[PDB]
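What follows is one structure encoded as structure tokens, with my remarks underneath.
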Amino acid sequence: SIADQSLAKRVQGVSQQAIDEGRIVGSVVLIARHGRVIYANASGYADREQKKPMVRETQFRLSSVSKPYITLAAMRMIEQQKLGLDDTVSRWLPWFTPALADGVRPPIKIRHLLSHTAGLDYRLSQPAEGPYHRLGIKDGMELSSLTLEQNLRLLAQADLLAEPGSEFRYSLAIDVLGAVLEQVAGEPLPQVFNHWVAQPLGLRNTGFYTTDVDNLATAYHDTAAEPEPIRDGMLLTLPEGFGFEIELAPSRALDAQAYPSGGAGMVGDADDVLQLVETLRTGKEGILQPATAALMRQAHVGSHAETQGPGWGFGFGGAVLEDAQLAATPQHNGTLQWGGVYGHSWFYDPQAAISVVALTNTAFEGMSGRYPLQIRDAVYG
């Protein structure tokens with residue numbers, strides 16, 4: 001088609017510009033319509049200093065692209081009625097019984113974990129010496145000596161910020177969900193993901209760490225003019241509205257001992273993410289029922305929450321577009337979208353039958369910069 005190579009023109013243009021402007025170091029961008037890959041492109045370098053070209057198979061640190069993966073594992077367990085949307089967390093983790101400031105211990109429901117209404121927080125959303133800092137809670141991307149259980153027992157000792165269900169607050173909820181999933185299946189989270197997602201979806205290269213050092217894109221972050229590599233334990237200022245300071249340790253991805261963070265700890269390639277997003281868009285025979293897919297993109301949290309700015313609520317696995325006009329996007333209502341601080345965006349538009357995966361090795365341009373939006377614009381011409 002001329003329309004397909006017309007798209008290739010626009011998208012390629014946005015990526016090449018972003019490299020020459022030193023906004024992006026490297027990216028892999030995949031676009032499907034009705035499930036068929038209409039565009040696939042690796043641009044720039046996996047590693048600039050070694051001039052290793054980015055290729056389609058290049059693996060990334062996924063950060064929050066981990067969430068829709070583990071949300072999918074849960075929704076499958078829920079389809080099979082091994083888990084309930086209205087199960088308490090304490091039913092599965094008897095010691096996870098956090099309190100509000102006034103001492104009340106309200107039940108947290110699985111649906112609250114899925115939509116980040118559990119009253120949980122992120123340490124990166126808290127100022128220095130805030131309650132999560134003082135307790136030594138980990139967000140899933142930094143070095144630590146903890147097991148998941150040890151980290152969630154620390155989280156259990158922190159105040160909730162609100163009644164479970166009363167408001168959206170981006171959270172460690174999916175790290176908690178991971179531990180629930182372990183109790184449901186009777187095995188650790190990496191084995192849960194392998195059995196419940198990777199094998200059914202035929203994923204080639206996605207998990208909680210990699211032994212393939214050379215094929216993992218080097219993480220970069222935005223500086224003065226040019227992007228420099230992220231050093232283990234670097235404290236980066238999050239863009240305004242995203243939080244305060246985030247602790248990143250790019251070596252964590254290589255550590256087979258690092259606790260499995262359902263919210264932020266996974267690694268994987270763009271094609272595995274596209275399999276995931278197509279699955280969320282339509283379901284698949286013997287994996288996810290269309291009805292479950294439709295459930296996951298309801299506005300369980302209303303667009304009052306502004307989860308990607310005005311017009312965006314939240315479902316199960318990402319933000320739900322309720323008002324495309326208010327949000328000034330060519331995306332259509334029902335669009336499911338989220339990203340990753342390491343530098344990623346993804347969405348399916350159910351009306352246009354399209355899925356977009358935009359993995360970069362550049363934080364925060366790939367997540368919150370102009371790049372994800374100009375790609376978005378290139379898809380809809």
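Letters A, B, ... go to the chains of the structure tokens in the order shown; residues in each chain start at 1; ligands are counted from 1 in the same order.
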Return as JSON lines the residues of region 196-291 of chain A lying at most 12 Å from region 308-328 of chain A, together with the closest atom-to-atom pair for each and the distance in Å to one decimal, counting only C-alpha atoms, with rows in chain order and ascending residue number.
```
{"residue": "A:241", "atom": "CA", "partner": "A:309", "partner_atom": "CA", "distance": 10.0}
{"residue": "A:242", "atom": "CA", "partner": "A:308", "partner_atom": "CA", "distance": 10.3}
{"residue": "A:262", "atom": "CA", "partner": "A:317", "partner_atom": "CA", "distance": 11.9}
{"residue": "A:263", "atom": "CA", "partner": "A:317", "partner_atom": "CA", "distance": 10.7}
{"residue": "A:276", "atom": "CA", "partner": "A:317", "partner_atom": "CA", "distance": 10.7}
{"residue": "A:277", "atom": "CA", "partner": "A:317", "partner_atom": "CA", "distance": 9.9}
{"residue": "A:279", "atom": "CA", "partner": "A:317", "partner_atom": "CA", "distance": 11.9}
{"residue": "A:280", "atom": "CA", "partner": "A:317", "partner_atom": "CA", "distance": 8.7}
{"residue": "A:281", "atom": "CA", "partner": "A:317", "partner_atom": "CA", "distance": 11.3}
```
Hey, what's within 10 Å of residue 41 (chain A) if we count only C-alpha atoms and toss same-chain stuff fewer than 6 positions away? As a PDB file with N, CA, C and O atoms, in the first residue's frame, please?
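Writing done, so here's part31.pdb:
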```
ATOM      1  N   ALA A   8       5.247   4.856   7.117  1.00  0.00           N
ATOM      2  CA  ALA A   8       6.700   4.602   7.233  1.00  0.00           C
ATOM      3  C   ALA A   8       7.470   5.930   7.059  1.00  0.00           C
ATOM      4  O   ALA A   8       8.316   6.251   7.914  1.00  0.00           O
ATOM      5  N   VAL A  11       6.685   8.321  10.276  1.00  0.00           N
ATOM      6  CA  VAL A  11       7.186   7.720  11.547  1.00  0.00           C
ATOM      7  C   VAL A  11       8.718   7.748  11.543  1.00  0.00           C
ATOM      8  O   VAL A  11       9.292   8.327  12.495  1.00  0.00           O
ATOM      9  N   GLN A  12       9.338   7.158  10.517  1.00  0.00           N
ATOM     10  CA  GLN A  12      10.797   7.244  10.245  1.00  0.00           C
ATOM     11  C   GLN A  12      11.279   8.695  10.423  1.00  0.00           C
ATOM     12  O   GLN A  12      12.329   8.913  11.076  1.00  0.00           O
ATOM     13  N   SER A  15      11.487   9.778  14.107  1.00  0.00           N
ATOM     14  CA  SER A  15      12.573   9.042  14.791  1.00  0.00           C
ATOM     15  C   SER A  15      13.929   9.621  14.385  1.00  0.00           C
ATOM     16  O   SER A  15      14.766   9.869  15.289  1.00  0.00           O
ATOM     17  N   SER A  27      15.614   3.694  19.325  1.00  0.00           N
ATOM     18  CA  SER A  27      14.211   3.253  19.546  1.00  0.00           C
ATOM     19  C   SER A  27      13.919   2.051  18.660  1.00  0.00           C
ATOM     20  O   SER A  27      14.608   1.877  17.635  1.00  0.00           O
ATOM     21  N   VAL A  28      12.975   1.234  19.109  1.00  0.00           N
ATOM     22  CA  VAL A  28      12.250   0.239  18.280  1.00  0.00           C
ATOM     23  C   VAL A  28      10.768   0.603  18.332  1.00  0.00           C
ATOM     24  O   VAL A  28      10.240   0.664  19.442  1.00  0.00           O
ATOM     25  N   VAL A  29      10.155   0.883  17.185  1.00  0.00           N
ATOM     26  CA  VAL A  29       8.721   1.273  17.047  1.00  0.00           C
ATOM     27  C   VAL A  29       8.002   0.259  16.144  1.00  0.00           C
ATOM     28  O   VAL A  29       8.440   0.077  15.003  1.00  0.00           O
ATOM     29  N   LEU A  30       6.930  -0.350  16.645  1.00  0.00           N
ATOM     30  CA  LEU A  30       6.089  -1.353  15.935  1.00  0.00           C
ATOM     31  C   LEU A  30       4.639  -0.834  15.844  1.00  0.00           C
ATOM     32  O   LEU A  30       4.101  -0.289  16.852  1.00  0.00           O
ATOM     33  N   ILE A  31       4.008  -0.963  14.678  1.00  0.00           N
ATOM     34  CA  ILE A  31       2.574  -0.604  14.482  1.00  0.00           C
ATOM     35  C   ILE A  31       1.872  -1.766  13.780  1.00  0.00           C
ATOM     36  O   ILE A  31       2.389  -2.234  12.737  1.00  0.00           O
ATOM     37  N   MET A  54      20.982  -0.118  17.143  1.00  0.00           N
ATOM     38  CA  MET A  54      19.690  -0.651  17.648  1.00  0.00           C
ATOM     39  C   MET A  54      19.135  -1.600  16.582  1.00  0.00           C
ATOM     40  O   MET A  54      19.165  -1.219  15.400  1.00  0.00           O
ATOM     41  N   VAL A  55      18.697  -2.785  16.984  1.00  0.00           N
ATOM     42  CA  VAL A  55      18.010  -3.757  16.104  1.00  0.00           C
ATOM     43  C   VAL A  55      16.627  -4.063  16.716  1.00  0.00           C
ATOM     44  O   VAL A  55      16.381  -3.724  17.902  1.00  0.00           O
ATOM     45  N   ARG A  56      15.746  -4.688  15.925  1.00  0.00           N
ATOM     46  CA  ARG A  56      14.337  -4.963  16.281  1.00  0.00           C
ATOM     47  C   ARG A  56      14.289  -5.862  17.520  1.00  0.00           C
ATOM     48  O   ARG A  56      13.404  -5.642  18.375  1.00  0.00           O
ATOM     49  N   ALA A 358       6.384   1.841  21.313  1.00  0.00           N
ATOM     50  CA  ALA A 358       7.496   2.787  21.104  1.00  0.00           C
ATOM     51  C   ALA A 358       8.473   2.662  22.272  1.00  0.00           C
ATOM     52  O   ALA A 358       8.317   3.401  23.264  1.00  0.00           O
TER      53      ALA A 358
END
```
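Between CA of residue 366 (chain A) and CA of residue 131 (chain A) the separation is 29.8 Å.
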DSSP-assigned strand (DSSP E or B) among region 185-304 of chain A, expressed as JSON, numbers by chain: {"A": [207, 216, 220, 221, 228, 229, 234, 235, 236, 237, 245, 246, 247, 248, 267, 268, 284, 288, 301]}
Using C-alpha atoms, can you export the residues from the last selection as a CSV table (one decimal), in the first residue's frame?
```csv
chain,number,residue,atom,x,y,z
A,207,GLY,CA,11.1,-11.9,32.0
A,216,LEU,CA,20.2,-5.2,26.4
A,220,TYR,CA,20.5,6.9,28.8
A,221,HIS,CA,18.8,10.0,30.5
A,228,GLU,CA,24.6,10.4,29.1
A,229,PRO,CA,24.4,6.7,30.4
A,234,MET,CA,21.5,7.7,40.1
A,235,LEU,CA,18.8,10.0,41.6
A,236,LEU,CA,17.0,11.7,38.5
A,237,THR,CA,14.5,14.6,38.9
A,245,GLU,CA,13.4,11.8,42.5
A,246,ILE,CA,13.6,8.3,41.1
A,247,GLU,CA,16.5,5.8,41.9
A,248,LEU,CA,17.6,3.8,38.9
A,267,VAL,CA,13.0,-6.8,30.6
A,268,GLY,CA,11.7,-7.6,27.1
A,284,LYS,CA,-7.3,-14.4,21.9
A,288,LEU,CA,-8.3,-13.8,27.1
A,301,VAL,CA,-11.4,5.3,37.4
```
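The list of residues with at least one atom within 9 Å of region 196-205 of chain A, based on only C-alpha atoms and without residues fewer than 4 positions apart in the same chain, reads residues 57, 59, 69, 70, 72, 73, 74, 76, 77, 191, 192, 210, 267, 268, 269, 271, 272, 273, 275, 276, 279, 286 and 287 of chain A.
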Could you take the residues named above and write them with C-alpha atoms, as a short mmCIF file (atom, residue, chain, number, x, y, z; two decimals), in the first residue's frame?
```cif
data_model
loop_
_atom_site.label_atom_id
_atom_site.label_comp_id
_atom_site.auth_asym_id
_atom_site.auth_seq_id
_atom_site.Cartn_x
_atom_site.Cartn_y
_atom_site.Cartn_z
CA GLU A 57 15.32 -7.83 18.70
CA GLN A 59 15.86 -6.10 24.71
CA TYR A 69 2.13 -7.90 31.71
CA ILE A 70 1.29 -8.71 35.39
CA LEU A 72 -2.71 -9.72 32.20
CA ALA A 73 -1.52 -12.61 34.48
CA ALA A 74 -4.14 -11.55 37.13
CA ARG A 76 -6.36 -14.60 33.29
CA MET A 77 -6.41 -16.00 36.88
CA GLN A 191 7.30 -18.84 37.10
CA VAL A 192 3.74 -17.34 37.35
CA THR A 210 18.48 -11.37 31.30
CA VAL A 267 12.98 -6.81 30.63
CA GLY A 268 11.67 -7.62 27.10
CA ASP A 269 11.65 -6.79 23.35
CA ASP A 271 7.53 -7.68 19.57
CA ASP A 272 6.68 -9.37 22.93
CA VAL A 273 5.02 -6.05 24.03
CA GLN A 275 1.74 -9.47 21.38
CA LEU A 276 0.65 -8.22 24.85
CA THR A 279 -4.11 -9.49 23.26
CA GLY A 286 -8.01 -19.79 24.87
CA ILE A 287 -6.01 -16.86 26.47
#
```
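You can rank A:347, A:132, A:364, A:209 by their closest distance to residue 223 (chain A) using only C-alpha atoms, and at the top of that list sits A:364.
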Once you count only C-alpha atoms, what closest atom pair and distance in Å to one decimal does each residue of region 173-247 of chain A within 7 Å of region 80-102 of chain A have, with rows by chain and rising residue number, as JSON lines?
```
{"residue": "A:180", "atom": "CA", "partner": "A:92", "partner_atom": "CA", "distance": 5.7}
{"residue": "A:183", "atom": "CA", "partner": "A:92", "partner_atom": "CA", "distance": 6.1}
{"residue": "A:184", "atom": "CA", "partner": "A:82", "partner_atom": "CA", "distance": 6.6}
```
